[PDB]
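Report on the following structure.
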Amino acid sequence: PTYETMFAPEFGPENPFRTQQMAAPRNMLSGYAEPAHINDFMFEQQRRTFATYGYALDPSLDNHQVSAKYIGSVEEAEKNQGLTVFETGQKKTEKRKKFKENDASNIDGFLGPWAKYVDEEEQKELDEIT
Amino acid sequence: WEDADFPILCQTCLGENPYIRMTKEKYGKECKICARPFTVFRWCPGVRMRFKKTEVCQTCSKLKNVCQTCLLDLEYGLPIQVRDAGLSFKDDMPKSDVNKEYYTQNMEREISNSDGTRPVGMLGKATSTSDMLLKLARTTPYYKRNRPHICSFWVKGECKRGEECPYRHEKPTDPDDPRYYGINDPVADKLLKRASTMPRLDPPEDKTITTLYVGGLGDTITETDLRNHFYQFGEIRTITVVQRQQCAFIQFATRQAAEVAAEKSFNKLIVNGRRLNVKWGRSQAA
Amino acid sequence: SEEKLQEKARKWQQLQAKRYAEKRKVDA
RNA sequence: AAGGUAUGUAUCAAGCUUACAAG
RNA sequence: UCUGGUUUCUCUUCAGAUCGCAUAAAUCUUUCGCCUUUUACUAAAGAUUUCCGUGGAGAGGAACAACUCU
Ligand SMILES: [Mg+2]
Ligand SMILES: [Zn+2]
Ligand SMILES: [Zn+2]
Ligand SMILES: [Zn+2]
């Protein structure tokens, strides 16, 4: 196999008779679906990074042929300067103090991890809808 | 009766995460049209969102080029009869239980075993598109599709879960405006929305505006392009290509054909890849 | 460039302490 | 145990079924 | 002076052995016996399975494993 064979472009006016979606490559009726063998842990880490903080690195192979950015909402990534969820962060801010009873001696007073937190007109419309 | 490998799934149903984890059964639920046992898939789109499993089989999605769970067009993100009226052909399918129903689904599956790539009959008329549907193809979709549906016991004010009620609260739905072809309730309002856009007012005279200030020629429109786009309309009385402003002046003899040009070009005549510039001419000896 | 010259070491020898840590080569 | 007290229609709820797609 | 491991849990094929110091049910093919026909049956042979169990083997831990066989 040679690079010049597969990298050779296609002659033509690109056939703009079709729509954008039907001219686009596929194997499955919705996009070219193909297997993969990513590391489990870094998949889960950057997944949880996006799921919490709304940014992650982008997965690709041949989008621009160079892709090294972040995605989602961009500016909050550099607000935290690219930290993760498994890191003891630079500050301990907006924490929320629970009250603990971990003796197992008092009864109806022991709340271990089950501790409920220290924090603890529409019905006219609801009756007229029902 | 049916296995699968990966679902159809338009983009608004996947959610905002490029990294989603999704689970599969082997014969899951049944299709909600044809009772066929597909392979139900489930995932989490977003962190404030319900799971939105999988609603119809791969066969009943390949019939009408429809996504897998929200039942919208895979090319646009539109309902079904919007597409079929906007392509003026229905691609019929029966209504009853057997009467030609599972018969035609079985046979159209049997003649869809080869490709697995494109819809069965829509492939010929999904090319001649992008004129009447592209004006309403809402990109950057709203994710209110994925939000979890409204709980009871907030409706009755009883919900002991407090904050951790996963579903929703304080969204009372309204009992005035909420299958597969027709008829669907918000679609009538959406076709009234497309039939009743915001044009320029039609001025009180008798069709004197056969001239029009169409411009933005740049280097895209040429003289023979616009006068062969108007020669199918009909005959000119005077053309000019005034290139100081990159504009073109055409009229018609007895206005009517150029009338549909006024209907074709309210920032709408899209040839040569440009949103053309249109405002109203004189027709006033000025 | 300034503290990233050791913050990248923090992230790397943070991540690699879970990349291969828990004997990936709990079951019963 | 079956082999005998027929079955075949037309209106009227619980049993069972999903708690979904949705401007 | 150096060498240095029994339990318990999961998988991994091989079983040729009273795999089990005892012993179920089924299918098929024939002869019985009751029988009116069919399943429930009878009680012998042949050949097959299923099932309740076991034997030796690779791996992963954890359980005092550091007491010490060596
Ligand atoms: Mg008889
Ligand atoms: Zn179906
Ligand atoms: Zn969808
Ligand atoms: Zn609630």
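Along the chain as shown, residues are numbered 1 onward.
In case you wondered, yes, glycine gets a Cβ from its N, Cα and C as well.
Feature annotation from Swiss-Prot assigns SUMO2 cross-link to B:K125 (among others); the stated evidence is a large-scale study or a structure entry. Taking Cβ-Cβ distances under 8 Å and a sequence separation of 6 or more, the neighbours of B:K125 (SUMO2 cross-link) in its chain are B:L87, B:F89. B:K125 (SUMO2 cross-link) carries neither a helix nor a strand DSSP state and counts as coil.
Mapped onto three states, the DSSP output places B:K135 (SUMO2 cross-link) in helix. Annotation for B:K135 (SUMO2 cross-link): same-chain Cβ neighbours under 8 Å, separated by at least 6 residues, are B:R194, B:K268. Here Swiss-Prot flags B:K135 (among others) as SUMO2 cross-link, drawing on a large-scale study or a structure entry.
Under the three-state DSSP scheme, B:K268 (SUMO2 cross-link) falls in the coil class. Residues or ranges marked as SUMO2 cross-link in Swiss-Prot: B:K268 (among others).
Here the domain 'RRM' (B:210-283) has, by DSSP, the following mix of helix, strand and coil residues: 18 helix, 12 strand, 44 coil. Annotated domain 'RRM' per Swiss-Prot: B:210-283, in sequence order.
Annotation source Swiss-Prot lists phosphoserine at B:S88, citing a large-scale study or a structure entry. Taking all protein chains in view, 8 other C-beta atoms sit within 10 angstroms of the C-beta of B:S88 (phosphoserine).
If you draw a 10 Å sphere around the CB of B:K190 (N6-acetyllysine), it holds 14 other CB atoms from the protein chains shown. According to Swiss-Prot, the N6-acetyllysine annotation covers B:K190.
Within its own chain, the zinc finger (B:145-172) is flanked in space by residues 12-13, 15, 45-46, 48-50, 52, 70, which lie at least six positions past its ends and keep a Cβ under 8 Å from the stretch. The annotation zinc finger is assigned in Swiss-Prot to B:145-172.
Each residue contributes its Cα atom, and for B:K190 (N6-acetyllysine) and B:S88 (phosphoserine) these two points are 17 Å apart. Around the Cβ of B:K268 (SUMO2 cross-link), 15 further Cβ atoms fall within 10 Å across all displayed protein chains.
Helix, strand and coil residue tallies for the zinc finger (B:145-172), in that order: 4 helix, 0 strand, 24 coil [DSSP].
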